[PDB]
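Chemist: Provide a 3D model corresponding to the input given below.
(chains A and B, ligands or ions: 4)
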2 protein chains.
Amino acid sequence: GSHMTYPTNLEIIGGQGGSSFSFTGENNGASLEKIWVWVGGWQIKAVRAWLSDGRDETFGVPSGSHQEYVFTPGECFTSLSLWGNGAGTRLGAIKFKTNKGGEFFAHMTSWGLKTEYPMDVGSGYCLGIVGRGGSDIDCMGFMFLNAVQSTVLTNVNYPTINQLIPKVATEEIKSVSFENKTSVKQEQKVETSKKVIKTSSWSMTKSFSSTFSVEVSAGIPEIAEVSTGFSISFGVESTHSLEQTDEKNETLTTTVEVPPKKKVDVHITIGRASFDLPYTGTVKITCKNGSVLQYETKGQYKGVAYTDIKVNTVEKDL
Amino acid sequence: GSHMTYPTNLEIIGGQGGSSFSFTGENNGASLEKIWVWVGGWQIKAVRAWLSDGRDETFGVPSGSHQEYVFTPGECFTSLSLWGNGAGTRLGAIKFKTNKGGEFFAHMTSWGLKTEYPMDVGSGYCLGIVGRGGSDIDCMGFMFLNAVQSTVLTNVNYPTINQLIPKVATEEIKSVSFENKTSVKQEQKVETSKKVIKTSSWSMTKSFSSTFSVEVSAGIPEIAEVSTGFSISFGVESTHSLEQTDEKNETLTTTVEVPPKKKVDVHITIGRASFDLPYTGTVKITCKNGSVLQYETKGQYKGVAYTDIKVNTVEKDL
Ligand SMILES: OC[C@H]1O[C@H](O[C@@H]2[C@H](O)[C@@H](O)O[C@H](CO)[C@H]2O)[C@@H](O)[C@@H](O)[C@@H]1O
Ligand SMILES: OC[C@H]1O[C@H](O[C@@H]2[C@H](O)[C@@H](O)O[C@H](CO)[C@H]2O)[C@@H](O)[C@@H](O)[C@@H]1O
Ligand SMILES: [Cl-]
Ligand SMILES: [Cl-]
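Modeler: Residues are numbered from 1 along each chain as shown, chains lettered A, B, ... in the order given. Ligands and ions are numbered 1, 2, ... in the order given. I have put the structure below:
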């Protein structure tokens, strides 16, 4: 009596005729964005569906005018009910509600509805539709992602990182001139503080990101000034949110050596690097029931990073 | 033996005449927002200054046209030089540069400039001006906050929080119905997932918040549902950023009991509260040199909080 769970929830209602179809985003996380439904006297006549990745297909044969539902980003199902045509030979009706307060009811027009089949919408995130059609919709179900435990973007790579040439802007923090007219050496302490705002951003479709809290397990591009110039590095892997902002007061204390009969001008700066480059990674969705749905993705990473505070001293003779 | 440090850095240049003035934001963290300078042949004639809290004072007696510098929020000094008039009796010239690339030079017109006094602007955040004036500016200095280690908003209170009436909006997550037409009760597993976005923000003058990374040590208002209705509570003190946003996938697994010969409607929802209320607190600035600047502040807290996921079941016959 072993028990198998799945990342998706699908209950098909109707008869056994027609030819099989599967129109879902279980390959790439795409969701149902729009649905057109044509009804007949004793069946659902046809369905045309659009997924968030641009796929568009029609099942059954349209007749007359259609009812539409357009889903907006983050709009999930709150409930779903299907009816057969009462004769066990066709789908008869579709009823659903969404988390934005929308409702949709399309039903056959001649025969009355009999047994209602209320569905578990899982997470509410609808991956699409599965069933059988021919002239009509013989049977159909809506596929849902089951209730989600975590959604992690991981195995992140930046394919062009090693070709990228860092665009570093200089930010002036402070300058001071010191003067030593004595014939002995002198030392001057200089303290520096500077707010740095580090940012990380990994692009993702608004519908997926608005529905799920995506944690990122990734290194980020980092900037540092070395001898030859500015170096970009693929940083160590850690946890981030999809959009992240970290603020800090970066500080430094410097002791400047001011030699006899010379003035030393001290220039303190920091470099701000803007990153904008493609990433690849894997979305791993872990459902509450222990199952996993995963797929490969790619998008754009945007980031702001800072170098260390840099101190530059120049000796003058006056 | 002992060494004394101060939160502020002030170096006054000029003579001993005139009457003392102090025009700074060391009481409330106000910064110099605008300065007008009138020059004469052998002195700075007058200075009018505006602080970011709206204060406005003139020192010395204006004559002729003025030069202006207007500082924008986050604009700090990078360097400053002052000159006397050469005779040690008046301020002779002011020169400064800002971290937005600005420069300002105002000087007496007839007598030549002699010894330059280059100043340490500390953090670059200018709290105002201090000196002596009568007919002219006898002497003046610009006061800076010294290089900052940490800036913390602390001892936060919400003085209206106990009077506040909960205004919780319901978000629908999931509804489903089960039918038990047998003479024995049944059990149904229902799993729920739901993204919540919790926010917190404490208002702060842009000038101060643009320049320093402000950490917040405060409790936030939180919302729960109890027997009576909704309950606002002052949460436990912890660390936040000045603007904070945290995402989480709230989850819940429920066993629904379906009594014999009954229909059970299951309604899964969550409450979202939008807090918008005043706060008081203490800004504590800790300088790199170990000194501290502290003042009471007042502002507006905004925040989005959520209740726990709520399952309501309602049983019907048939
Ligand atoms: O989807 C319904 C049905 O369509 C196809 O059968 C057709 C219909 O029954 C009707 O239009 O009459 C046609 C011929 O008289 C018939 O082909 C099949 O795909 C069928 O399997 C399906 O159930
Ligand atoms: O700020 C300079 C100077 O102003 C005041 O002195 C005045 C001026 O020297 C001049 O205008 O003549 C006036 C008349 O005798 C004189 O008051 C004083 O406040 C002085 O202390 C100050 O140094
Ligand atoms: Cl049926
Ligand atoms: Cl002088």
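
Chemist: Is stretch A:41-51 in proximity to ligand 1?
Modeler: No. Stretch A:41-51 lies apart from ligand 1 when judged by Cβ under 6 Å from any ligand atom; the minimum separation is 7.6 Å. For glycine as for every other residue, the C-beta is placed from the backbone atoms N, C-alpha and C.

Chemist: buried ones in that stretch?
Modeler: Judged by neighbour count using 16 or more other Cβ atoms under 10 Å in any protein chain shown, the buried positions of stretch A:41-51 are A:42, A:43, A:44, A:45, A:46, A:47, A:48, A:49, A:50, A:51.

Chemist: Then stretch A:232-249?
Modeler: So, applying 16+ other Cβ under 10 Å, buried residues of stretch A:232-249: A:232, A:240, A:241, A:242, A:243, A:247, A:249.

Chemist: Determine how far the last residue of that stretch lies from the first.
Modeler: Separation of the first and last residues of stretch A:232-249 by Cα to Cα, to the nearest Å is 23 Å.

Chemist: Give me the secondary structure label for the residue of the stretch 201-318 of chain A found nearest ligand 1.
Modeler: Shortest the stretch 201-318 of chain A-to-ligand 1 distance, computed as Cβ to the nearest ligand atom: residue-wise this is residue A:293, at 30.5 Å. Residue A:293 carries the three-state label strand when classified by DSSP: H, G, I helix; E, B strand; the rest coil.

Chemist: Just give the closest residue to it, not the sequence neighbours.
Modeler: Taking Cβ to Cβ, 6 or more residues apart in numbering or on different chains as the measure, residue A:293 lies nearest to residue A:7, with 3.8 Å between them; neighbours along the chain are not counted.

Chemist: Could you report the separation of that neighbour from residue A:40?
Modeler: 34 Å (Cβ to Cβ, to the nearest Å).

Chemist: ok, now residue A:306?
Modeler: From residue A:306 over to residue A:40 the distance is 65 Å, taken as Cβ to Cβ.

Chemist: swap in residue A:241?
Modeler: As judged by Cβ to Cβ, residue A:241 and residue A:40 stand 49 Å apart.

Chemist: domain assignment for chain A?
Modeler: Following curated CATH domains, one finds the domains of chain A at A:7-147, A:148-318.

Chemist: Is ligand 3 within reach of the shortest one?
Modeler: Looking back up the chat, that one is domain A:7-147. Yes. Counting by Cβ under 5 Å from the ion, ligand 3 is contacted by domain A:7-147 at A:84, A:86, A:88.

Chemist: distance between the ends of that domain?
Modeler: Between the opening and closing residues of domain A:7-147 we find a distance of 8 Å, counting by Cα to Cα.

Chemist: Leaving out the residues flanking it, which one is nearest to the residue lying farthest from the centre of chain A?
Modeler: The outermost residue of chain A, judged against the average C-alpha position, is residue A:183 (64.7 Å), by Cα atoms, centre = their mean. Nearest-residue entry for residue A:183: residue A:260, 4.8 Å, with adjacent residues in sequence omitted and distances by Cβ to Cβ, 6+ apart.

Chemist: I'd say residue A:148 and residue A:76 touch.
Modeler: No. Applying Cβ atoms under 8 Å, one finds residue A:148 not in contact with residue A:76, separated by 11.1 Å.

Chemist: shared neighbours of these two, anything?
Modeler: A:123, A:125 (Cβ atoms under 8 Å, 6 or more residues apart in numbering or on different chains).

Chemist: List, one by one, the residues from the stretch 201-318 of chain A near chain B.
Modeler: Listed as neighbours of chain B in the stretch 201-318 of chain A under the rule Cβ under 8 Å from any Cβ of the partner chain: A:210-213, A:241, A:245, A:247-249, A:251, A:253, A:288-289.

Chemist: So the closest residue to residue A:167 other than its chain neighbours, which state does it fall into?
Modeler: Distances taken as Cβ to Cβ, 6+ apart place residue A:274 nearest to residue A:167, at 6.0 Å, with adjacent residues excluded. Under three-state DSSP, the three-state class of residue A:274 is strand.

Chemist: picking that back up, tell me the one of the buried residues of stretch A:41-51 nearest residue A:164?
Modeler: Proximity of the buried residues of stretch A:41-51 to residue A:164, judged by Cβ to Cβ, is greatest for residue A:51, which lies at 33.6 Å.

Chemist: Name whatever forms a beta bridge with the closest one.
Modeler: Beta-bridge pairing for residue A:51 (DSSP bridges): residue A:32.

Chemist: Could you report the distance from it to residue B:7?
Modeler: In this structure, residue A:51 and residue B:7 are separated by 60 Å, where distance is defined by Cβ to Cβ.

Chemist: Pull the residues that contact stretch A:231-240.
Modeler: Outside stretch A:231-240, the residues within contact range by Cβ under 8 Å, 6+ apart are A:158, A:161-162, A:164, A:166, A:200, A:215-225, A:273.

Chemist: Endpoint to endpoint, that stretch covers what distance?
Modeler: End-to-end span of stretch A:231-240 (Cα to Cα): 23 Å.

Chemist: how far does that stretch sit from the chain's center?
Modeler: Centroid separation between stretch A:231-240 and its chain, computed with Cα atoms, centre = their mean, to the nearest Å, is 19 Å.

Chemist: Same check on stretch A:128-140?
Modeler: What separates the centre of stretch A:128-140 from the centre of its chain is 31 Å, taken as Cα atoms, centre = their mean.

Chemist: start to end distance for that stretch?
Modeler: Between the start and the finish of stretch A:128-140 there is a gap of 11 Å, counting by Cα to Cα.

Chemist: ok, and for that stretch, which residues are buried?
Modeler: In stretch A:128-140, counting by 16+ other Cβ under 10 Å, buried: A:128, A:129, A:130, A:131, A:132, A:133, A:136, A:137, A:138, A:139, A:140.
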